[PDB]
Every structure is written in structure tokens, then in C-alpha cells.
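Given as C-alpha cells, the chain that follows is alone and in the form deposited in one PDB entry.
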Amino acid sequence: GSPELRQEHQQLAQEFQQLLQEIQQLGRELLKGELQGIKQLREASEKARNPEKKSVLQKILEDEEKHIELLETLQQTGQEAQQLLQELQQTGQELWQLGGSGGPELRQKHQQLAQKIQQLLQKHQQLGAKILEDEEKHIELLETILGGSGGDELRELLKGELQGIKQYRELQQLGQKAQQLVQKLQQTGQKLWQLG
């Protein structure tokens, strides 16, 4: 009944708020690591004398720089979702008291905030998927230049890129969980209105 559904909706929102925090914190860890890996790449690229290696490392570096902008956009998208979550909280606490009374604008605002957060999480997801694909492409490029012996510095770059992919995967994993929570928030909140 409604008591149990209000409890579930409350619990889902608390979980969502924690997950959003963990996402943002991971983005900041991803920024740090990307910045650190770019330092190593720029040095390696500059020091490279083999044409093949130099050209590959320049393409990786070019695109890693672009990752910094994409990650900043991802973090701005997560912050916006946090701002909307605040508003869901305040409007939801008012809906707890008012219910369906008065005109529909409060109800609609809360539904519209939820729709907007779902759209932000889809954007965030897509931007993260774009970064992770390209990070994987840079693994494949590094492997092209890692034939034979030596390549010690290249192996260090590869190891860092592999740690990056681990983190990006975790980022997408949390985003998918967050999107699932938002679906459950929608379903439970719809049930709350249906039960009146």
C-alpha cells in the first residue's frame, strides 16, 4: 500500500543520491588519472624517434586531451543531476504533506524533474561510452607498436590505459545502476498517484 510504497520511494531516492555521489567522485578520480597519463604520453611522444611510434603516440595524446573536455562535460552533467535531485527532494517532501491537493503544477514539476534527470543520465552514459570506446582504441594502437622486445615505456603507458578502462567500466556500471533506480522511482511514484 501507499505506506510501503512511500518507504520504497524514499529508500530508492537515498540510494540514488549515494550512487550519484559515487559517480561524481569517480569522475574526479578519472580526471586525475587522465591528467597523469597525458603527462606520461606527452613525454613519450616527444622522446619518440621512430616515425610509426611517434605518429601513434601523437594520435593517442590528441584524443586523450579531448577526453579531458568530455570528462568535464560528464562532471557538469552529474552536477546538474544533483541540482535536480535537490529539487526532487524539496518538492517530494511538500508532496508528502499536500498530496494531490491544489492544482497539478507541483505534481507535474516533480514528474518533470524526474524526466529531466533521466535525460541527463542518458547523456552522461553516452559521453562515458564514447570515452571508453576510444580508450580501448588506444590500447589497440599501443599494441600495434609493442611487437618484439623493448617497449618498456610503451608498456607503462599500456598499463595505465588498462587501469583507466577499469575505471571507465565502473563509471558506466554505476550510471546504469543509477538509470535503473530512476526507473524504479518513476514506477513507484506512479503507483503512489494510482493508489491516491
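Note that the rigid core is defined as the largest set of C-alphas that superpose within 1.5 Å between two forms. Residues that one form lacks are left out of the comparison. For every residue, the number given is its place in the sequence shown, counted from 1.
- [ ] Select between 143-151 and 46-54 the stretch whose C-alpha atoms have the higher average B-factor in the entry.
- [x] For C-alpha atoms only, the mean B-factor is higher in 143-151.
Open item on the list: Just to confirm, going by the entry's C-alpha B-factors, which of 69, 29, 156, 135 comes out highest?
Closed with: That would be 156.
TODO: Using the temperature factors in the entry, find which of 98, 81, 113, 74 has the highest value at its Cα atom.
DONE: Out of 98, 81, 113, 74, the record gives the largest C-alpha B-factor to 98.
- [ ] Report the third (lowest, middle or highest) to which the CA temperature factor of residue 37 belongs, ranking only the modelled residues of the same chain.
- [x] CA B-factor rank for residue 37: middle third.
TODO: Could you look up the Cα B-factor of residue 127 in the entry and say which third of the chain it sits in: lowest, middle or highest?
DONE: Its C-alpha B-factor, which the entry lists for residue 127, ranks in the highest third among residues of this chain.
Task: Among modelled residues of the same chain, the CA temperature factor third for residue 118 - done: Within its chain, residue 118 is a middle-third residue by C-alpha B-factor, going by the deposited values.
Task: residue 93, C-alpha B-factor rank within chain (lowest, middle or highest third) - done: Its C-alpha B-factor, which the entry lists for residue 93, ranks in the middle third among residues of this chain.
Open item on the list: Could you place residue 24 in the lowest, middle or highest third of its chain by Cα temperature factor, using the values in the record?
Closed with: Bottom third by C-alpha B-factor.
Absent from the display: the form deposited in another entry. The rest refers to it.
Open item on the list: Once the rigid core is superposed, exactly one of 76, 93, 101, 126 has its CA displaced by 2 Å or more between this form and the one not shown; which residue is that?
Closed with: It is 101; the other listed residues stay below 2 Å.
Task: Core fit, then residue 48 C-alpha moves 2 Å or more between this form and the one not shown - done: Residue 48: C-alpha displaced by less than 2 Å between this form and the one not shown.
Open item on the list: Aligned on the rigid core, do the two forms place the Cα of residue 31 2 Å or more apart, comparing between this form and the one not shown?
Closed with: Moves: no, less than 2 Å.
- [ ] Superpose the two forms on their rigid core, then report whether the C-alpha of residue 146 is displaced by 2 angstroms or more between this form and the one not shown.
- [x] Yes, the C-alpha position differs by at least 2 Å between this form and the one not shown.
Open item on the list: Can you confirm the direction of the Cα distance change for residue 103 and residue 91 in the other form, closer or farther than in this form, given it is 3 Å or more?
Closed with: Compared with the shown chain, residue 103-residue 91 is closer in the other form.
TODO: Could you tell me whether residue 100 and residue 120 have their C-alpha atoms closer or farther apart in the other form than in the shown form, knowing the shift is 3 angstroms or more?
DONE: Farther, not closer.
TODO: Sticking with residues common to both forms, list the runs of three or more in a row where every CA moves 2 angstroms or more between this form and the one not shown, core superposed.
DONE: When the rigid core is held fixed, residues 97-103, 146-153, 190-194 are the runs that shift.
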